[PDB]
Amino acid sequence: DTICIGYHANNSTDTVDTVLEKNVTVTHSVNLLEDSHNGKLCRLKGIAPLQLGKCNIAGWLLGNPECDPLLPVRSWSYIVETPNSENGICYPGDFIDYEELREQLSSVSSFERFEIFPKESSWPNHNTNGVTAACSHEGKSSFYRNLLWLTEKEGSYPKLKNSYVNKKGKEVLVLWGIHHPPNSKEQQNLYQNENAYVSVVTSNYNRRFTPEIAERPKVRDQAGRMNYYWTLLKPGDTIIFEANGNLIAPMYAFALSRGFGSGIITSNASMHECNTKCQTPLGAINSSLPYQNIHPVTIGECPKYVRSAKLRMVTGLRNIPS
């Protein structure tokens, strides 16, 4: 009569590494590293992302004509740019503190596009029909949907001074532009004053802009330049524009709402009818595992990114079916 003591064994082919030995076949084990995604852009906690289509942030914010127009009000969980964004700034020039603006938009969860300065109504004694071929649409020369190219009317550019009081109860993103002709002849033909200036003030913002005329290499067949500026007008505060030339005036502005967990990602994937808690530029992750090796860029509640190819924890025994 005999009794023996022994241990479990099974057919498993799971292998784990240890310090003293690599590649040990074990009976049981747990994988801690997520490596699978669904290859789709999804809703994040039930909220769809903001897709900019053919535009980047600049093209969308300035109102590039080539980009399909979005609904007046939007709410999102994250912003998606496409890698090949052909439509951005269409009239050559610098967009000041653009990166800072993107970083601001990274915590915005909603916008309302509203007419801050109505077209035919706000700039009397000035022309508002200025267009350009650098910003073409359907072949014809056009211009930014959110801005207005003010020029001389009937041989004169009278000093304008207009203002907006923010009664939206939220921050209002106001954008404008400053035009820089390549010569003084064009400066006179457009704004009738060689010593022009633009002034923009709020309670906490205070800037003055002066035309700087010089011949420049052609960009998008333009020797002139256009510098783009922006400011966030606090609730209740007032913004004042004052100019006698060169002002690319605001026409539409954005009432903004703040949120958490958002961000801007560059992605190729397509939006699908699906929901997730974790979104990467390559696809959505549905996992409760502590690590992932899919992508460093994550939106939502995601596992920690690591470079590892394998993170497998043994729980069972050294497997010896022999």
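One rule holds for the numbers: they count along the sequence shown, beginning at 1. Superpose the two forms; the largest set of C-alphas matching within 1.5 Å is the rigid core.
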Worksheet item: Is 73-81 or 124-132 the stretch whose C-alphas end up farther from this model in 8 other deposited structures of this protein after a rigid core fit?
Response: 73-81
Worksheet, complete the sentence: Stretch farther from shown form by Cα RMS in 8 other deposited structures of this protein, picked from 83-91 and 245-253 after core fit, is 83-91
Item to complete: Identify the stretch, either 301-309 or 19-27, whose C-alpha atoms have the larger mean B-factor according to the entry.
Response: 19-27
Item to complete: Averaging the C-alpha B factors as listed in the entry, name the stretch that ends up higher: 83-91 or 159-167.
Response: 83-91
Worksheet entry | Of the residues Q104, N227, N127, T238, the one carrying the largest Cα B-factor as recorded | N127
Worksheet item: Whose CA atom has the top B-factor in the entry, of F111, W123, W176, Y252?
Response: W123
Fill in: Third of the chain, ranked by Cα B-factor, where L190 sits
highest
Worksheet item: Should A196 be placed in the lowest, middle or highest third of its chain by the C-alpha B factor in the entry?
Response: highest
Discussion item. Quick check for you: using the entry's CA B-factors within this chain, is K153 in the lowest, middle or highest third?
Written reply: highest
Response to the item:
Quick tally, chain-level thirds of C-alpha B-factors: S267 sits in the middle
Practice prompt. Consider only the C-alpha atoms of the modelled residues in this chain, order them by B-factor as the entry records it, and name the third containing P296: lowest, middle or highest.
Written response: lowest
